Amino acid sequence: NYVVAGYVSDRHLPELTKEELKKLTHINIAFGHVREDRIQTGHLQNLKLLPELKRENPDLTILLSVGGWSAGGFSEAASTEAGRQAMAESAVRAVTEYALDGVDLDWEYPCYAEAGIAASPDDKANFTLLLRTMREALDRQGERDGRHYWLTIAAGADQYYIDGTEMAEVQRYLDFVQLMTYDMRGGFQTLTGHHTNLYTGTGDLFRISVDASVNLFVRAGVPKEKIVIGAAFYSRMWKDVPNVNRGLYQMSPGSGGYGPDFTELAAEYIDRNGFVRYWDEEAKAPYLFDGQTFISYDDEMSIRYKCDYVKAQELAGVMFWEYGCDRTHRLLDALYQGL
């Protein structure tokens, strides 16, 4: 058995069907927020639907994901014992108020303020203390309730994330670590490349990939059986790039912003409207180029390669962002079949 974990925005919860629910092992609900050192759920609208989802697939684990890109409050909460206890208490509140099986913490990222949030060098030690305290509180509630409650994280994929955390300690408190092996090239670079590539390609100045990320986290002390890799149901896109090398590893005037989601790629871009699909046999990744606009994405082909890698390397499974980005339903099917 492997993890098949899908991020689902609260807004998309009613769109889940029984057939889709049976293909997932986990749903990560996006997103709770942090205010006053506590996880907040009051803005989420569809949490009353959770018992019915669990009835449709009783093997499904439903986590509340807390944070996301630009969600603040984490460095502040982790900086004091009081704030770490408050976060732990609010995680317990979430799993007792709603049919939630645990919490997925998505602080992006300890020590890093680039998303417009507070950060501190103290976050490296404080993140470990925060997760320990949250795990302690969730375990106490699981003792009361006669069950297990889950704690996971979503982690950045590259060296910076290892440098800002103590992953050998962090992993001890987590059921698994989800490596966000997407947006690996995106809004901070003007060089085109693959945003969610299985392997690193020759000629790329940037050296990250799923394979390189897994290796970093294994060497940092995360057991392979706890590593869940990432698939993206959407693209990253660079504009006004020279018509050289099919747009790959070329300089844009701007960074790689979000491109079309997979729904829109299938409808409007893949081998259409001047865009040609190319396959990078080294990276195991597809890309589109029309002579000027470069688009990096995941498809059924790269997903199959990612699944084969999970099996061969004995990893935990795969997660994806995000359910609503592929209304063709093909990418979830490919993940389910591959694992």
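A residue's number is simply how far along the shown sequence it sits, counting from 1.
Across the two stretches, 11 to 19 and 321 to 329, the PDB entry reports the greater mean Cα temperature factor for 11 to 19. Between 39 to 47 and 60 to 68, it is 39 to 47 that carries the larger average Cα temperature factor according to the deposited entry. Comparing C-alpha B-factors across 163, 158, 76, 97 in the deposited entry, the largest value falls on 97. Taking the PDB entry at face value, the top CA B factor among 295, 29, 285, 307 belongs to 307. Residue 84 sits in the lowest third of its chain by CA B factor, as recorded in the PDB entry. Residue 246: CA B factor lies in the middle third for its chain, per the PDB record.
Split the chain's modelled residues into thirds by C-alpha temperature factor. Residue 267 is in the highest one. For residue 193, the recorded CA temperature factor ranks within the lowest third of the chain's modelled residues. Remark: residue 120 belongs to the middle third of its chain, ranked by C-alpha B-factor as recorded.
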